[PDB]
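**Q** entry-v4.txt is reproduced below (compact mmCIF, C-alpha atoms).
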```
# COMPACT_ATOMS: atom_id res chain seq x y z
CA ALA A 28 155.73 8.16 117.43
CA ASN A 29 152.03 8.66 118.19
CA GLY A 30 151.26 9.99 114.71
CA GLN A 31 150.36 8.42 111.37
CA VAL A 32 150.19 9.68 107.79
CA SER A 33 146.48 9.92 107.00
CA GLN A 34 146.82 11.50 103.55
CA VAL A 35 149.50 13.05 101.34
CA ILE A 36 148.62 15.87 98.93
CA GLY A 37 151.76 17.05 97.16
CA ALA A 38 153.82 18.95 99.72
CA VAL A 39 151.00 19.20 102.28
CA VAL A 40 150.81 16.19 104.60
CA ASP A 41 148.17 15.42 107.23
CA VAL A 42 149.16 13.38 110.30
CA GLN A 43 146.67 11.34 112.33
CA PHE A 44 147.54 11.58 116.03
CA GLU A 45 146.13 9.82 119.08
CA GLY A 46 145.31 11.44 122.40
CA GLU A 47 147.11 14.76 122.73
CA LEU A 48 147.77 16.68 119.52
CA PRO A 49 150.86 18.72 118.59
CA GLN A 50 150.51 22.41 119.37
CA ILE A 51 150.24 24.69 116.36
CA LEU A 52 153.56 25.72 114.75
CA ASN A 53 155.26 22.66 116.28
CA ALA A 54 157.77 20.69 114.21
CA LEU A 55 157.00 17.06 113.37
CA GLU A 56 159.53 14.56 112.03
CA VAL A 57 158.61 11.65 109.77
CA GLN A 58 160.22 8.26 110.41
CA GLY A 59 161.42 5.96 107.64
CA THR A 60 162.22 8.63 105.05
CA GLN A 61 165.46 8.65 103.08
CA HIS A 62 166.35 12.11 104.39
CA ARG A 63 165.15 13.99 107.47
CA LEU A 64 161.65 15.26 106.63
CA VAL A 65 160.37 17.89 109.07
CA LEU A 66 156.73 19.00 109.06
CA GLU A 67 155.65 22.35 110.51
CA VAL A 68 152.19 22.29 112.09
CA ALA A 69 149.96 24.91 110.46
CA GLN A 70 146.49 24.21 111.88
CA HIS A 71 144.31 21.50 113.42
CA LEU A 72 141.65 20.43 110.93
CA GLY A 73 139.79 18.51 113.65
CA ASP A 74 138.93 14.88 114.30
CA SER A 75 142.42 14.25 115.71
CA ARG A 76 143.93 15.48 112.42
CA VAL A 77 146.45 18.25 111.79
CA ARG A 78 147.63 19.92 108.58
CA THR A 79 151.36 20.56 108.18
CA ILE A 80 153.75 21.89 105.55
CA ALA A 81 156.72 19.75 104.50
CA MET A 82 160.18 21.30 104.70
CA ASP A 83 161.62 18.72 102.26
CA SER A 84 160.38 16.73 99.28
CA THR A 85 157.47 14.48 100.25
CA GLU A 86 158.34 11.88 97.60
CA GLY A 87 158.25 8.24 98.66
CA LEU A 88 155.87 8.72 101.58
CA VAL A 89 153.24 6.15 102.57
CA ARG A 90 149.91 6.44 104.35
CA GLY A 91 150.10 5.27 107.94
CA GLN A 92 153.81 6.04 108.19
CA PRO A 93 154.77 6.80 111.81
CA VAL A 94 155.47 10.42 112.74
CA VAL A 95 157.13 11.74 115.90
CA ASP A 96 156.09 14.98 117.62
CA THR A 97 159.09 17.09 118.61
CA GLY A 98 156.79 19.08 120.91
CA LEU A 99 158.33 22.42 119.87
CA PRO A 100 158.54 24.42 116.63
CA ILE A 101 161.46 24.06 114.21
CA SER A 102 164.63 24.44 116.30
CA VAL A 103 167.74 25.63 114.44
CA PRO A 104 171.26 25.79 115.96
CA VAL A 105 172.24 29.34 116.90
CA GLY A 106 175.50 30.80 118.13
CA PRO A 107 178.97 31.68 116.86
CA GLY A 108 179.37 28.21 115.36
CA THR A 109 176.92 29.11 112.60
CA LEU A 110 179.23 31.98 111.63
CA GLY A 111 180.92 31.18 108.33
CA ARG A 112 178.73 28.08 108.00
CA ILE A 113 175.95 27.46 105.49
CA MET A 114 172.82 26.31 107.34
CA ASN A 115 169.64 24.75 106.00
CA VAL A 116 166.10 25.79 106.89
CA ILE A 117 165.96 22.85 109.32
CA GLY A 118 169.41 23.63 110.75
CA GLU A 119 171.36 20.95 108.87
CA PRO A 120 174.81 21.86 107.49
CA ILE A 121 175.00 21.71 103.69
CA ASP A 122 178.60 22.96 103.35
CA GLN A 123 180.18 19.53 104.03
CA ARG A 124 182.07 21.12 106.94
CA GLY A 125 180.84 18.69 109.60
CA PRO B 32 111.67 -6.96 95.53
CA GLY B 33 115.01 -7.06 93.73
CA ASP B 34 117.09 -5.57 96.58
CA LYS B 35 116.43 -2.16 95.02
CA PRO B 36 115.18 0.66 97.29
CA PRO B 37 112.29 2.78 95.97
CA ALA B 38 114.54 5.72 95.02
CA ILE B 39 118.27 6.39 94.77
CA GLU B 40 119.68 9.58 96.28
CA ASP B 41 123.19 10.94 96.77
CA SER B 42 122.37 12.70 100.05
CA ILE B 43 124.24 11.63 103.18
CA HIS B 44 121.17 10.23 104.94
CA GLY B 45 119.82 8.99 101.61
CA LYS B 46 122.99 7.06 100.78
CA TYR B 47 123.11 5.11 104.05
CA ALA B 48 119.34 4.54 104.03
CA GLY B 49 119.50 3.13 100.51
CA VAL B 50 122.44 0.83 101.23
CA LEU B 51 120.80 -0.41 104.43
CA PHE B 52 117.49 -1.10 102.68
CA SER B 53 119.22 -3.00 99.87
CA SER B 54 121.54 -4.89 102.22
CA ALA B 55 118.71 -5.59 104.67
CA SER B 56 116.23 -6.62 101.97
CA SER B 57 118.97 -8.77 100.41
CA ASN B 58 119.36 -11.72 102.77
CA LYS B 59 115.86 -12.19 104.22
CA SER B 60 114.69 -9.31 106.43
CA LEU B 61 113.20 -5.83 106.10
CA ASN B 62 110.81 -5.50 109.04
CA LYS B 63 113.46 -6.40 111.63
CA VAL B 64 115.60 -3.42 110.63
CA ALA B 65 112.47 -1.26 110.40
CA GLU B 66 111.65 -1.91 114.06
CA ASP B 67 115.27 -1.26 115.06
CA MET B 68 115.49 2.11 113.32
CA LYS B 69 112.02 3.00 114.61
CA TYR B 70 113.24 2.40 118.17
CA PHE B 71 116.01 4.96 117.67
CA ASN B 72 113.49 7.50 116.36
CA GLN B 73 111.26 7.09 119.42
CA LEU B 74 114.26 7.14 121.76
CA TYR B 75 115.84 10.08 119.92
CA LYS B 76 112.79 12.21 120.75
CA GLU B 77 111.89 10.75 124.17
CA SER B 78 115.35 10.59 125.79
CA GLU B 79 117.06 13.99 125.91
CA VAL B 80 120.51 12.64 126.82
CA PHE B 81 120.46 10.35 123.78
CA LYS B 82 119.90 13.33 121.48
CA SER B 83 122.95 15.18 122.81
CA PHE B 84 125.04 12.02 122.38
CA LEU B 85 124.41 11.70 118.64
CA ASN B 86 124.70 15.45 118.04
CA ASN B 87 128.01 15.39 119.91
CA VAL B 88 130.87 15.45 117.41
CA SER B 89 133.91 16.13 119.64
CA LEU B 90 133.51 12.65 121.16
CA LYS B 91 136.10 10.02 120.30
CA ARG B 92 135.35 6.93 118.24
CA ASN B 93 136.32 4.55 121.04
CA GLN B 94 134.13 6.52 123.44
CA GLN B 95 131.13 6.40 121.09
CA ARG B 96 131.47 2.63 120.68
CA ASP B 97 131.39 2.07 124.44
CA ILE B 98 128.21 4.14 124.83
CA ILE B 99 126.49 2.39 121.92
CA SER B 100 127.27 -1.02 123.42
CA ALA B 101 125.81 0.09 126.75
CA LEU B 102 122.51 0.89 125.01
CA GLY B 103 121.97 -2.63 123.69
CA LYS B 104 123.85 -5.42 121.92
CA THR B 105 120.80 -7.65 121.31
CA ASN B 106 117.33 -7.02 119.82
CA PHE B 107 118.96 -5.10 116.92
CA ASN B 108 119.34 -6.67 113.50
CA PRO B 109 123.00 -7.23 112.50
CA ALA B 110 122.48 -4.74 109.67
CA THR B 111 121.68 -2.06 112.25
CA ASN B 112 124.72 -2.94 114.38
CA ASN B 113 127.01 -2.87 111.34
CA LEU B 114 125.51 0.47 110.30
CA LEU B 115 126.28 2.10 113.66
CA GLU B 116 129.85 0.79 113.61
CA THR B 117 130.30 2.34 110.16
CA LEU B 118 128.98 5.73 111.28
CA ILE B 119 131.41 5.83 114.21
CA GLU B 120 134.31 5.09 111.87
CA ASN B 121 133.18 7.78 109.41
CA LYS B 122 132.14 10.32 112.10
CA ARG B 123 128.60 10.15 110.67
CA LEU B 124 127.00 9.45 114.06
CA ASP B 125 125.45 12.93 114.01
CA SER B 126 123.50 11.92 110.88
CA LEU B 127 122.01 8.89 112.67
CA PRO B 128 118.47 10.31 113.18
CA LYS B 129 118.06 11.42 109.56
CA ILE B 130 119.16 7.97 108.36
CA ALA B 131 116.63 6.32 110.68
CA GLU B 132 113.76 8.48 109.45
CA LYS B 133 114.85 8.22 105.81
CA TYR B 134 114.94 4.43 106.12
CA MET B 135 111.34 4.28 107.36
CA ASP B 136 110.24 6.33 104.34
CA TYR B 137 111.45 3.65 101.93
CA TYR B 138 109.73 1.03 104.10
CA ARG B 139 106.49 3.03 104.07
CA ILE B 140 106.74 3.17 100.27
CA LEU B 141 106.80 -0.64 100.16
CA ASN B 142 103.71 -0.67 102.38
CA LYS B 143 100.63 -1.23 100.23
CA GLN B 144 98.17 0.51 102.57
CA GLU B 145 97.47 4.11 101.59
CA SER B 146 95.41 6.98 103.00
CA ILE B 147 92.87 8.76 100.78
CA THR B 148 91.68 12.23 101.80
CA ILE B 149 88.43 13.71 100.46
CA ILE B 150 87.88 17.48 100.48
CA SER B 151 84.30 18.74 100.33
CA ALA B 152 82.69 22.06 101.23
CA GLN B 153 79.28 20.81 102.37
CA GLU B 154 79.20 18.37 105.27
CA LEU B 155 79.22 14.72 104.21
CA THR B 156 76.12 12.92 105.46
CA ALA B 157 76.47 9.41 106.86
CA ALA B 158 74.51 8.02 103.91
CA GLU B 159 76.46 10.15 101.43
CA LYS B 160 79.81 8.95 102.79
CA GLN B 161 78.73 5.34 102.28
CA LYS B 162 78.25 6.05 98.57
CA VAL B 163 81.73 7.60 98.45
CA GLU B 164 83.25 4.33 99.66
CA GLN B 165 81.59 2.32 96.89
CA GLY B 166 82.90 4.79 94.31
CA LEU B 167 86.47 4.69 95.60
CA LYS B 168 86.29 0.92 96.08
CA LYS B 169 84.90 0.29 92.59
CA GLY B 170 87.55 2.64 91.21
CA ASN B 171 90.49 0.65 92.54
CA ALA B 172 88.78 -2.64 93.51
CA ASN B 173 92.20 -4.27 93.98
CA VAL B 174 93.87 -2.48 96.93
CA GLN B 175 92.69 -1.80 100.47
CA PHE B 176 92.81 1.79 101.69
CA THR B 177 91.93 3.97 104.67
CA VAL B 178 89.77 7.06 104.15
CA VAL B 179 90.25 10.40 105.91
CA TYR B 180 88.02 13.48 105.89
CA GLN B 181 88.84 17.19 105.99
CA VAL B 182 86.27 19.87 105.13
CA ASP B 183 87.67 23.40 104.97
CA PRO B 184 87.84 24.29 101.25
CA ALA B 185 87.09 27.43 99.28
CA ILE B 186 85.19 25.58 96.52
CA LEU B 187 81.45 24.94 96.86
CA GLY B 188 79.95 21.49 96.38
CA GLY B 189 83.24 20.27 94.91
CA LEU B 190 85.15 17.04 95.50
CA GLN B 191 88.95 16.77 95.51
CA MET B 192 90.72 13.53 96.43
CA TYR B 193 94.31 13.12 97.64
CA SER B 194 95.59 9.52 97.53
CA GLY B 195 99.18 9.44 98.73
CA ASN B 196 100.70 11.19 95.72
CA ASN B 197 97.84 11.44 93.18
CA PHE B 198 95.27 14.22 92.84
CA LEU B 199 91.98 14.02 90.94
CA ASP B 200 89.81 17.14 90.73
CA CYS B 201 86.03 16.66 90.53
CA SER B 202 85.27 20.07 92.03
CA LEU B 203 82.43 22.18 90.68
CA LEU B 204 84.65 25.25 91.03
CA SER B 205 86.87 23.89 88.25
CA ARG B 206 83.81 23.49 86.01
CA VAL B 207 82.62 27.05 86.67
CA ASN B 208 85.96 28.63 85.76
CA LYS B 209 86.32 26.43 82.67
CA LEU B 210 82.98 27.57 81.22
CA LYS B 211 83.41 31.26 82.07
CA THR B 212 86.75 31.22 80.23
CA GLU B 213 85.57 29.39 77.10
CA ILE B 214 82.47 31.59 76.83
CA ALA B 215 84.78 34.62 76.77
CA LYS B 216 87.10 33.24 74.06
CA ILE B 217 84.22 32.49 71.67
CA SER B 218 85.65 35.12 69.29
CA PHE B 219 82.19 35.65 67.80
CA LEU C 34 115.31 -3.16 123.92
CA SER C 35 113.44 -0.74 126.18
CA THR C 36 112.59 2.94 126.44
CA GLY C 37 114.19 3.23 129.90
CA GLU C 38 117.68 2.80 128.43
CA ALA C 39 118.24 6.55 128.88
CA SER C 40 119.42 5.94 132.45
CA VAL C 41 121.73 3.19 131.18
CA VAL C 42 123.23 5.46 128.53
CA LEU C 43 123.46 8.30 131.05
CA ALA C 44 125.34 6.08 133.50
CA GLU C 45 127.80 4.88 130.86
CA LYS C 46 128.22 8.50 129.76
CA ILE C 47 129.32 9.92 133.12
CA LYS C 48 131.89 7.15 133.72
CA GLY C 49 132.88 6.07 130.21
CA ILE C 50 134.43 9.46 129.39
CA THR C 51 136.34 11.87 131.66
CA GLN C 52 134.64 14.80 129.97
CA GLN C 53 131.23 16.51 129.70
CA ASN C 54 131.79 19.36 132.14
CA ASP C 55 129.19 22.09 132.67
CA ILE C 56 128.26 22.49 129.01
CA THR C 57 126.15 25.59 129.62
CA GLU C 58 129.31 27.45 130.70
CA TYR C 59 132.16 25.39 129.18
CA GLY C 60 133.01 24.16 125.71
CA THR C 61 135.46 22.04 123.74
CA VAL C 62 137.51 23.11 120.72
CA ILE C 63 136.70 20.84 117.78
CA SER C 64 139.30 22.47 115.53
CA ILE C 65 141.65 25.46 115.43
CA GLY C 66 143.09 27.20 112.38
CA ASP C 67 143.12 30.38 110.29
CA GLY C 68 142.44 32.42 113.41
CA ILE C 69 139.18 30.55 114.03
CA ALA C 70 138.30 27.96 116.68
CA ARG C 71 135.35 25.56 116.49
CA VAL C 72 134.13 25.46 120.08
CA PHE C 73 131.68 22.73 121.08
CA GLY C 74 128.82 22.73 123.56
CA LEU C 75 129.20 26.44 124.32
CA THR C 76 125.45 26.86 124.72
CA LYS C 77 123.85 30.00 126.19
CA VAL C 78 126.65 32.17 124.78
CA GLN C 79 125.65 35.62 123.52
CA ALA C 80 126.66 37.15 120.21
CA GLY C 81 129.73 39.25 120.95
CA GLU C 82 130.31 37.54 124.30
CA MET C 83 133.92 37.47 125.52
CA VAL C 84 135.20 33.92 126.04
CA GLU C 85 138.50 32.73 127.50
CA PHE C 86 140.50 29.65 126.51
CA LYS C 87 142.70 27.39 128.65
CA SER C 88 145.97 29.30 128.19
CA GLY C 89 144.23 32.54 129.23
CA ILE C 90 143.92 34.04 125.74
CA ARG C 91 140.51 35.61 125.19
```
Could the structure of this file be written out as structure tokens, please?

**A**
Amino acid sequence: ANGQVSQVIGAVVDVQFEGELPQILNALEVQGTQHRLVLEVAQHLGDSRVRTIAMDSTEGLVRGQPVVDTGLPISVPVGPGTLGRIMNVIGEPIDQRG
Amino acid sequence: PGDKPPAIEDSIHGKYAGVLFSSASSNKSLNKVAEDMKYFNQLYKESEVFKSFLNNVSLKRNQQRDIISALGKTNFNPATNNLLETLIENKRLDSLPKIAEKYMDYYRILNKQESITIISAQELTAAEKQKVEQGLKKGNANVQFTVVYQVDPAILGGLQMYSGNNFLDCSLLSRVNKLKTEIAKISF
Amino acid sequence: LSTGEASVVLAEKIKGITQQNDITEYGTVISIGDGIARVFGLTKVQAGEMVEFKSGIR
């Protein structure tokens, strides 16, 4: 959790990181949200700041909120288990089938 | 003087220079900060490594603070130290030299001494120059000034004075053109 | 204060930061985005010169 919410502009959210930055296209996860909020890195604005796009509603966020760097882009579960199963953009099941 | 800088500007360097002048002039001191900012100007042009440091933008805030402390923690007015700390936080370190210079401008505006430049075609004789001083002195008679000379005009036997920001034309060339124009528009 | 502080700043510079490689041949990326990278301290580069990044991309 080496990231912090510097600013929040609608769906776009900028995360202030320290030291190493998340590679572009990586998937960041916000901590403390009601539901899992994943942020996809789009570009590095500079000054240890990065601009990301929110995969879920950014309502209820707070500046300085800790953010964790997954280190890799959005990872979705693949395989025969997804067959016949409704999957979300972030790989979560929304069919209430476990 | 009312903790009000000479002019108010929205420019980056202008904003910091104005706030520093007001904040500095507020408590007690203006010359102390003037000497501090002047030191940076001299060092900015004399030391090459120092120039690259300020211009450097990819440097981290914590790194910039350590280098600034190494320069000097004493002999700088607290207003100057607080200014630097603010620039590092706002990544405005690159604008340091402009702020320094801009600050001195306001201070030079408060300075009462002014330089008056006289422009004349014909060479000014030692005796003639003496008479010029009495004329300029009697004109103001309430402020000291330093006189400077520069003789490379196009007019002939004309006098043109530049006093900081004011210009008064006593040149004969102006008189010649004025008459030649009015004599043409007689509409006889 | 003194004018000879350049050596003091230079000393703190070489040790304070594990950076400042051969600027005349190397540079640092200030920002990356929209297919554009803001390299830093890449002096002496020629217009149209071919540069290479860390990962090998040119």

**Q** Could the residues of chain C that have an atom at most 9 Å from chain B be listed as a tab-separated table, each with its closest atom pair and the distance in Å to one decimal, counting all atoms listed in the file and ordered by chain and ascending residue number?

**A**
```
residue	atom	partner	partner_atom	distance
C:34	CA	B:106	CA	6.0
C:35	CA	B:70	CA	8.6
C:36	CA	B:74	CA	6.5
C:37	CA	B:78	CA	8.5
C:38	CA	B:102	CA	6.2
C:39	CA	B:78	CA	5.8
C:40	CA	B:80	CA	8.8
C:41	CA	B:102	CA	6.6
C:42	CA	B:102	CA	5.8
C:43	CA	B:80	CA	6.7
C:45	CA	B:98	CA	6.1
C:46	CA	B:98	CA	6.6
C:49	CA	B:94	CA	6.9
C:50	CA	B:94	CA	6.6
C:61	CA	B:89	CA	7.4
C:62	CA	B:89	CA	7.9
C:63	CA	B:89	CA	5.8
C:73	CA	B:89	CA	7.1
C:74	CA	B:87	CA	8.2
```

**Q** So the first atom is CA of residue 44 (chain A) and the second is CA of residue 67 (chain C); what is the distance between them in Å, to one decimal place?

**A**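 Interatomic distance here is 20.1 Å.
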
**Q** What are the residues of chain A lining chain C at 12 Å or less? Count only C-alpha atoms, and put the answer as a PDB file with C-alpha atoms, in the coordinates of the input.

**A**
```pdb
ATOM      1  CA  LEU A  48     147.770  16.680 119.520  1.00  0.00           C
ATOM      2  CA  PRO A  49     150.860  18.720 118.590  1.00  0.00           C
ATOM      3  CA  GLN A  50     150.510  22.410 119.370  1.00  0.00           C
ATOM      4  CA  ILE A  51     150.240  24.690 116.360  1.00  0.00           C
ATOM      5  CA  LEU A  52     153.560  25.720 114.750  1.00  0.00           C
ATOM      6  CA  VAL A  68     152.190  22.290 112.090  1.00  0.00           C
ATOM      7  CA  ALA A  69     149.960  24.910 110.460  1.00  0.00           C
ATOM      8  CA  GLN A  70     146.490  24.210 111.880  1.00  0.00           C
ATOM      9  CA  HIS A  71     144.310  21.500 113.420  1.00  0.00           C
ATOM     10  CA  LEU A  72     141.650  20.430 110.930  1.00  0.00           C
ATOM     11  CA  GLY A  73     139.790  18.510 113.650  1.00  0.00           C
ATOM     12  CA  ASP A  74     138.930  14.880 114.300  1.00  0.00           C
ATOM     13  CA  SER A  75     142.420  14.250 115.710  1.00  0.00           C
ATOM     14  CA  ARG A  76     143.930  15.480 112.420  1.00  0.00           C
ATOM     15  CA  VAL A  77     146.450  18.250 111.790  1.00  0.00           C
ATOM     16  CA  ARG A  78     147.630  19.920 108.580  1.00  0.00           C
ATOM     17  CA  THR A  79     151.360  20.560 108.180  1.00  0.00           C
TER      18      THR A  79
END
```

**Q** Please return, as a list in words, all polymer residues that have at least one atom within 9 Å of the point (130.7, 26.8, 128.8); use only C-alpha atoms and the file's own coordinate frame.

**A**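 All residues meeting the 9 Å criterion around (130.7, 26.8, 128.8) are residues 54, 55, 56, 57, 58, 59, 60, 61, 73, 74, 75, 76, 77, 78 and 84 of chain C.
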
**Q** Around (150.4, 17.3, 102.0) in the file's own coordinates, what residues are found within 10 Å if you use only C-alpha atoms, given back as a PyMOL selection string?

**A** chain A and resi 32-42+66+78-81+85

**Q** Need the shell around residue 119 (chain B): protein/DNA/RNA residues with any atom at most 9 Å away, counting all atoms listed in the file. Skip same-chain ones fewer than 3 positions apart. Format as a PDB file with C-alpha atoms, in the coordinates of the input?

**A**
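Below is the file that was written, result33.pdb:
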```
ATOM      1  CA  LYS B  91     136.100  10.020 120.300  1.00  0.00           C
ATOM      2  CA  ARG B  92     135.350   6.930 118.240  1.00  0.00           C
ATOM      3  CA  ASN B  93     136.320   4.550 121.040  1.00  0.00           C
ATOM      4  CA  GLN B  95     131.130   6.400 121.090  1.00  0.00           C
ATOM      5  CA  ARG B  96     131.470   2.630 120.680  1.00  0.00           C
ATOM      6  CA  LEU B 114     125.510   0.470 110.300  1.00  0.00           C
ATOM      7  CA  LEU B 115     126.280   2.100 113.660  1.00  0.00           C
ATOM      8  CA  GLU B 116     129.850   0.790 113.610  1.00  0.00           C
ATOM      9  CA  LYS B 122     132.140  10.320 112.100  1.00  0.00           C
ATOM     10  CA  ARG B 123     128.600  10.150 110.670  1.00  0.00           C
ATOM     11  CA  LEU B 124     127.000   9.450 114.060  1.00  0.00           C
TER      12      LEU B 124
END
```

**Q** Using Å and a single decimal, report how far CA of residue 44 (chain B) sits from CA of residue 129 (chain B).

**A**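 Result for CA of residue 129 (chain B) versus CA of residue 44 (chain B): 5.7 Å, one decimal.
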
**Q** State, in Å with one decimal place, the distance from CA of residue 49 (chain B) to CA of residue 138 (chain B).

**A** 10.6 Å

**Q** Quick one: residues within 12 Å of region 152-160 of chain B, all atoms listed in the file counted, chain neighbours fewer than 2 positions away excluded, as a PDB file with C-alpha atoms, in the frame of the given file?

**A**
```pdb
ATOM      1  CA  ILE B 149      88.430  13.710 100.460  1.00  0.00           C
ATOM      2  CA  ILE B 150      87.880  17.480 100.480  1.00  0.00           C
ATOM      3  CA  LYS B 162      78.250   6.050  98.570  1.00  0.00           C
ATOM      4  CA  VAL B 163      81.730   7.600  98.450  1.00  0.00           C
ATOM      5  CA  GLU B 164      83.250   4.330  99.660  1.00  0.00           C
ATOM      6  CA  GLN B 165      81.590   2.320  96.890  1.00  0.00           C
ATOM      7  CA  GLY B 166      82.900   4.790  94.310  1.00  0.00           C
ATOM      8  CA  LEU B 167      86.470   4.690  95.600  1.00  0.00           C
ATOM      9  CA  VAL B 178      89.770   7.060 104.150  1.00  0.00           C
ATOM     10  CA  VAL B 179      90.250  10.400 105.910  1.00  0.00           C
ATOM     11  CA  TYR B 180      88.020  13.480 105.890  1.00  0.00           C
ATOM     12  CA  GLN B 181      88.840  17.190 105.990  1.00  0.00           C
ATOM     13  CA  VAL B 182      86.270  19.870 105.130  1.00  0.00           C
ATOM     14  CA  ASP B 183      87.670  23.400 104.970  1.00  0.00           C
ATOM     15  CA  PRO B 184      87.840  24.290 101.250  1.00  0.00           C
ATOM     16  CA  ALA B 185      87.090  27.430  99.280  1.00  0.00           C
ATOM     17  CA  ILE B 186      85.190  25.580  96.520  1.00  0.00           C
ATOM     18  CA  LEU B 187      81.450  24.940  96.860  1.00  0.00           C
ATOM     19  CA  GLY B 188      79.950  21.490  96.380  1.00  0.00           C
ATOM     20  CA  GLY B 189      83.240  20.270  94.910  1.00  0.00           C
ATOM     21  CA  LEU B 190      85.150  17.040  95.500  1.00  0.00           C
ATOM     22  CA  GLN B 191      88.950  16.770  95.510  1.00  0.00           C
ATOM     23  CA  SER B 202      85.270  20.070  92.030  1.00  0.00           C
ATOM     24  CA  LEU B 203      82.430  22.180  90.680  1.00  0.00           C
ATOM     25  CA  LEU B 204      84.650  25.250  91.030  1.00  0.00           C
TER      26      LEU B 204
END
```

**Q** Name the closest residue to chain A among the candidates B:37, B:45, B:120, B:50; distances are taken between atoms, counting only C-alpha atoms.

**A** B:120
